[PDB]
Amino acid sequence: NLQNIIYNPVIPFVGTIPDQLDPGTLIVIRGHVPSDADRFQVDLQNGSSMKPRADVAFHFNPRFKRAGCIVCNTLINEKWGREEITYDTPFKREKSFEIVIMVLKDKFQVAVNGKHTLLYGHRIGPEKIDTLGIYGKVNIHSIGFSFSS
């Protein structure tokens, strides 16, 4: 029942999100981490411009060096805010994943492979998000949505 399901997008991927990220909306991203990956990111953006760079309401950034981590942040007017670093990370080079981002009224709730991973409080209203960016060293098998509208 997912909506706007696409497969194997070319990376970097920048796509217009097909409906509003109302509370209850899911973004479902399946993929895998390449063996030489250093990092990738999933960015929920207000616009697609590269100059001035579009605000990033939610930057979800797995990093694989050393024991690995996930960094989350927001870009406002081309400046990053406070990093929220999650050291309990489910991602691994060579492991496939399913990311589910649930939009709540006050935060995002992210699960990976059916298990809760992290929360991230809103800094930009989620109604301003209209673009999904996926960048870095990653293969994305599929993207789909479950809209709450």
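Don't overthink the numbering: it's just position in the shown sequence, from 1. Between two forms, the rigid core is defined as the largest C-alpha subset superposing within 1.5 Å.
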Greatest C-alpha divergence in 5 other deposited structures of this protein once each structure is fitted on the rigid core, 6-14 or 130-138
6-14
On average, which has the higher Cα B-factor in the deposited entry, 81-89 or 53-61?
81-89
Report the stretch with the higher mean CA temperature factor, choosing between 91-99 and 25-33 on the basis of the entry.
91-99
Would you check the entry's CA temperature factor for residue 14 and let me know if it's in the chain's lowest, middle or highest third?
middle
Thinking about Cα B factors across the chain, which third does residue 111 belong to?
lowest
Of the three thirds of the chain ranked by Cα temperature factor, residue 124 occupies the lowest
Going by the CA temperature factor in the PDB record, which third of the chain does residue 42 belong to: lowest, middle or highest?
lowest
